[PDB]
Amino acid sequence: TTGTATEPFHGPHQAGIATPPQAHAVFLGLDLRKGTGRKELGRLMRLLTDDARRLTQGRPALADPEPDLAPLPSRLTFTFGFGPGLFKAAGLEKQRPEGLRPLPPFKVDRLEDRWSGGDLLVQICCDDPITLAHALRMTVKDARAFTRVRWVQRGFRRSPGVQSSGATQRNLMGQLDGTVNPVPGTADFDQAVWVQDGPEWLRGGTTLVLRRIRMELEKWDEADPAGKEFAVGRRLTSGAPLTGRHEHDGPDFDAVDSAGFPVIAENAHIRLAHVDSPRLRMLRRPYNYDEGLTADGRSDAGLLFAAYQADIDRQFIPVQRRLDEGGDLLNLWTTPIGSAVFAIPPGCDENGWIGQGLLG
Amino acid sequence: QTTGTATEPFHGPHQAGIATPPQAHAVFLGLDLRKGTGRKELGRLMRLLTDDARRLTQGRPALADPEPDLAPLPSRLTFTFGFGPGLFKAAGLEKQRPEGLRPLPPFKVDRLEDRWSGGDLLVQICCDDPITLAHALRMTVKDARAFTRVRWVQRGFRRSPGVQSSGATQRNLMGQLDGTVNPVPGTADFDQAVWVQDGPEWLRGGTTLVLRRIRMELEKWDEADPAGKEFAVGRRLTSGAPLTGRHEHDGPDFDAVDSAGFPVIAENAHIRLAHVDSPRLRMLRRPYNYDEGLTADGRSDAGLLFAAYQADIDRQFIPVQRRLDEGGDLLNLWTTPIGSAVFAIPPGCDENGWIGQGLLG
Ligand code: HEM
Ligand code: HEM
C-alpha cells in the first residue's frame with residue numbers, strides 16, 4: 001500500500017515542481033485582505049509552513065480540526081507562490097522579478113476574472129483526494145484571517161498505479177500530454193526551472209504560469225480524426241510525430257510530403273510550441289479538470305496548464321506568442337479562460353519558513 | 001494485472017456497482033426524460049447504454065467512441081442503471097412500479113434542493129481512475145442526450161486505490177470511520193437485505209437506491225467539543241470502537257451505563273437510533289465523499305453522497321431515517337440533507353440481453 005509514502009518538505013527547493021506529478025491537485029488562489037501587510041504575511045507564512053511541514057509527513061497540523069485525516073499522506077506536497085500584489089502589500093516592489101506581471105493579451109484569450117490573478121498561491125498535490133481535502137481545509141483555516149479565496153482550481157491525472165511511473169498520460173481530448181519536458185536530475189532541468197539571476201531571495205525558486213484552458217469537446221468530437229492529429233503534429237494512439245513511428249522520436253520539422261507540403265503543419269501545435277535549446281524549455285506539469293453538465297448535455301472540462309520556468313519573459317511568453325500569432329490549429333478547440341502568474345520561493349529547513357528570505 | 005487493467009464483470013444476475021467493493025471514484029448522473037421519450041425510445045436508449053457499458057467496462061471503446069484511446073485502462077469501471085418513479089408514467093407501465101418506489105416523505109432536518117433531487121433515470125458510474133470515469137460519463141451523455149436532459153451530476157470520491165488495504169474501513173470528511181456495520185457481499189444476510197424477491201417480477205434480483213446529498217457543517221463541527229463529537233456518534237474517532245468497547249468491530253453495548261447511570265451510548269446517539277437488530281433488515285451503505293469549492297471567506301461545500309441500497313425502502317430505509325429524525329440524532333447538529341432521489345435498480349443481464357429488458361421489452 002502507498003498511503004504511507006511521503007515527499008520531503010524541506011530542501012533547497014519546494015516540493016511539487018520536480019516531484020513526479022501526483023494523481024490530484026488543488027490550486028488555491030488567495031487575495032490579501034486590506035490590513036495584510038508584511039508583518040501579517042510573515043505570520044501567515046509561518047503558520048502555513050508548519051502546517052505543511054507536519055501534514056506532508058503524516059502528522060496533524062497544529063490546531064488540526066481532523067487529525068485522523070492526516071495519516072496516509074500519500075505523497076502530499078505544498079508549493080507556495082507569491083503574486084504581483086503580494087509584493088505591493090509587503091512593500092517589496094524592489095524585490096519583484098521584472099517578469100512577474102500579468103501576461104500580455106493574446107487574441108485567443110477569453111479570460112475571466114474569477115479564474116485569473118491572485119496574490120498568494122497554495123498549490124497542494126496528493127495521490128489521495130481525502131488527504132488532499134483535509135490539507136485544503138487546514139490551509140484555509142489558517143489563511144482565513146489574512147486572505148479571501150479568489151479561486152480554487154481542482155484537477156486530476158491517473159490514479160496511482162494505473163500507469164507505470166514516468167509513462168506519459170493522456171488528457172481529456174485523448175492526447176498523450178507531456179512527451180517533451182525537462183527531466184529532473186539533469187543539468188538542463190536545473191537551468192530551465194531554477195532561478196539563478198534576478199533578486200537574490202528567489203534563487204533556487206521558480207516562476208509559475210497557471211492558465212485554465214477550456215476544451216471545446218463538442219466541436220472536438222465532430223472533428224475529422226485525421227484533422228485532429230494534423231492540428232497537433234502527432235498521432236493519437238502512439239503519440240509519435242507524424243514524421244516518425246514512436247512517441248519519443250524527434251519531430252522532423254523539415255519533412256515534406258509527396259506533394260511538397262510540410263508533414264507537420266506550419267501551424268501545428270508542436271511546431272509553434274517547439275524550442276530548439278533544451279535549457280529554454282518550460283516544465284509543463286498540467287492537471288485535467290471536469291466539472292458538470294448543462295441540461296442539454298454539454299461538458300465543462302479542460303486543462304489546468306501549469307508551466308514552471310526560471311524566466312517568464314524568456315521561456316513562456318515567446319512560446320505563447322508564437323501559438324497566438326502563428327494561428328495554432330489547436331486554438332480551434334481550446335480557449336484560455338483564466339491566467340495567473342506567481343513567483344515560487346526556494347525551500348526551507350527545520351529552522352526556516354517559506355518566503356523568509358523575502359519577508360523576514 | 002494492474003490497477004488500470006483490472007476489470008469487474010458487467011454481466012451477471014445482478015448489476016455491478018452494488019456488491020462491488022466501492023471503487024475510488026463515482027459519478028451519479030441524474031436524468032429527466034424529454035417529452036417525446038416513451039417506451040419505445042427507452043428501449044433503444046437502454047440497449048445503447050447497455051452495449052456501451054459492456055464495451056467500456058472491459059476496456060474496449062464504445063460504439064462510435066469519439067475518444068477511443070481513453071477506453072483502455074478500465075480500472076474496475078462499473079455502471080449501475082436505475083429507474084425513478086416518473087419513468088413508469090412515461091413508459092405506460094404504472095402497474096409495474098413498485099409500491100415503495102416514490103420520493104421519500106419529508107423529514108424535519110430536510111433542506112432539500114430541486115437541483116439535487118428526483119430524476120427519472122440514474123446512471124451510477126464507479127471507477128478506480130478519474131480519467132476513465134470522465135470518458136465513461138461523456139459516452140453515457142453522448143448516447144442519452146437525444147432522449148433526456150441532465151437533472152444533476154454528483155461526483156464523489158473515496159481513498160485512492162492502494163492507499164489502504166482492501167476491506168479496511170475508510171474515513172469520511174468529518175474524520176470518522178464510515179461503513180463498519182454493513183451487510184457483507186457474498187453472505188446470505190446481504191442477499192436478504194439487498195436483492196428484491198417480492199413485488200413486480202421484473203425487479204427480482206434488483207434493488208432500490210436512496211441517494212441523499214448530505215452537507216457537512218464543517219464550521220460548526222470544528223467548534224465542537226471533541227468528546228461531544230464522539231458522543232454524538234457513539235464511537236471513538238481514532239479506533240472506531242463503540243464507546244463501550246475497544247476495537248472497531250466490537251458489538252456496541254446499548255445497555256451499558258456510565259458512572260452517573262446514564263447510557264454510555266447516548267439515547268440519541270447516531271448508531272443507537274440507526275441500529276436495527278435483524279441483520280436481514282439492514283441497509284447497504286455505499287457512500288462517497290464530496291468536496292466542491294469555497295466561499296470567499298473560506299467556508300467549505302463538502303459532505304456525503306449517502307447511497308443506501310435495500311430491497312424495501314418502506315421496511316429498511318424509512319424507519320431508520322424516521323428514528324434519526326424523531327429521535328433527535330445528535331449528528332443532525334452538523335449534517336443537512338440537501339438532495340434526495342430514489343431509484344429502482346433492475347437485475348443484471350447476460351451477453352444478449354439489456355438492462356431493463358424485463359420491464360421495457
Ligand atoms: C488545452 C490546451 C493544450 C493542449 C490540449 C495541448 C496539447 C499538447 C500535446 C498533445 C502536445 C504533444 C505531446 C507533448 O510533447 O506533450 C503538446 C506539446 C507542447 N505544448 Fe501544448 N497543449 C495545450 C496548451 C499549450 C500551451 C498554452 C502552451 C504554451 C506555451 C503549450 C506548450 C507546449 C509545448 C512547449 C509542447 C512541446 C512541443 C515540442 O517541443 O515538441 N501547450 N501540447
Ligand atoms: C453525513 C451524514 C452521516 C454521517 C457523517 C454518518 C456517519 C456514520 C458513522 C460514523 C457511523 C458509525 C460507523 C459505521 O458503522 O459506519 C454510522 C453508522 C450508521 N449510519 Fe450513519 N451517517 C450519516 C448519515 C446517515 C443516514 C442519513 C442514515 C439513514 C439511514 C445513516 C445510517 C447509518 C447506519 C444504519 C449505521 C450503522 C449503525 C449500526 O447499526 O451500528 N447514516 N454513520
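Values below: all heavy atoms of this structure, side chains included; hydrogens, waters and symmetry mates excluded. We count ligands from 1, going down the list as the structure has it; atoms in each ligand are counted the same way. Within every chain, numbering begins at 1; the chains are lettered A, B, ... in the order of the sequence lines, protein sequences first and strands thereafter.
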>> At less than 4.0 angstrom from any non-hydrogen atom of B:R235, what atoms of ligand 2 do you find?
In response: 12 (C), 13 (C)

> Mind checking whether A:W151 and A:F342 have parallel, tilted or perpendicular rings, split at 30° and 60°?
Replying inline: perpendicular

>> Within the 4.0 Å heavy-atom shell around B:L324, which atoms of ligand 2 are there?
In response: 26 (C), 28 (C), 29 (C)

> Should the proximity of B:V181 to ligand 2, defined as any heavy atom under 4.0 Å, be assigned to the side chain, the backbone, both, or neither?
Replying inline: both

> Under 4.0 Å from any heavy atom of B:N172, which atoms of ligand 2 are there?
Replying inline: 5 (C)

>> As a check for students: among A:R170, A:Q175, A:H248, identify the option with a heavy atom nearest to atom 5 (C) of ligand 1.
In response: A:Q175

> Which is closest to atom 3 (C) of ligand 1 by heavy-atom distance: A:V108, A:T168, A:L236, A:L303?
Replying inline: A:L303

> Atoms of ligand 2 less than 4.0 Å from B:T335 heavy atoms?
Replying inline: 1 (C), 2 (C)

>> Under a 4.0 angstrom heavy-atom cut-off, which atoms of ligand 2 come close to B:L177?
In response: 10 (C), 13 (C)

> Counting no waters, what protein N/O/S atoms lie under 2.8 Å from atom 21 (Fe) of ligand 2?
Replying inline: B:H270 NE2

> Under 3.5 Å, is there a donor-acceptor pair between the A:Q315 and A:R281 side chains?
Replying inline: no

> Do A:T179 and ligand 1 have an N or O pair less than 3.5 Å apart?
Replying inline: yes

> Under the criterion salt bridge (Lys or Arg N to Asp or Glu O under 4.0 Å), which of A:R214, A:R154, A:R298, A:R212 is the partner of A:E291?
Replying inline: A:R212

>> Give the atom numbers and elements of ligand 2 that come within less than 4.0 Å of a heavy atom of B:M283.
In response: 30 (C)

> If hydrogens are left out, which of A:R322, A:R211, A:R321, A:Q320 has an atom nearest to atom 27 (C) of ligand 1, that is, the closest non-hydrogen atom?
Replying inline: A:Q320

>> Can you confirm whether more than 12 heavy atoms, excluding those of B:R323, are under 6.0 Å from its CZ atom?
In response: yes

>> Tell me whether A:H274 has any N or O atom under 3.5 angstrom from an N or O of ligand 1.
In response: yes

> Applying the salt bridge (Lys or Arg N to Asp or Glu O under 4.0 Å) test to A:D177, which of A:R170, A:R284, A:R158 qualifies?
Replying inline: A:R284

>> Is it the case that ligand 1 has an N or O less than 3.5 angstrom from some N or O of A:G178?
In response: yes

> ligand 2 versus B:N182, non-hydrogen atoms closer than 4.0 Å: side chain, backbone, both, neither?
Replying inline: neither

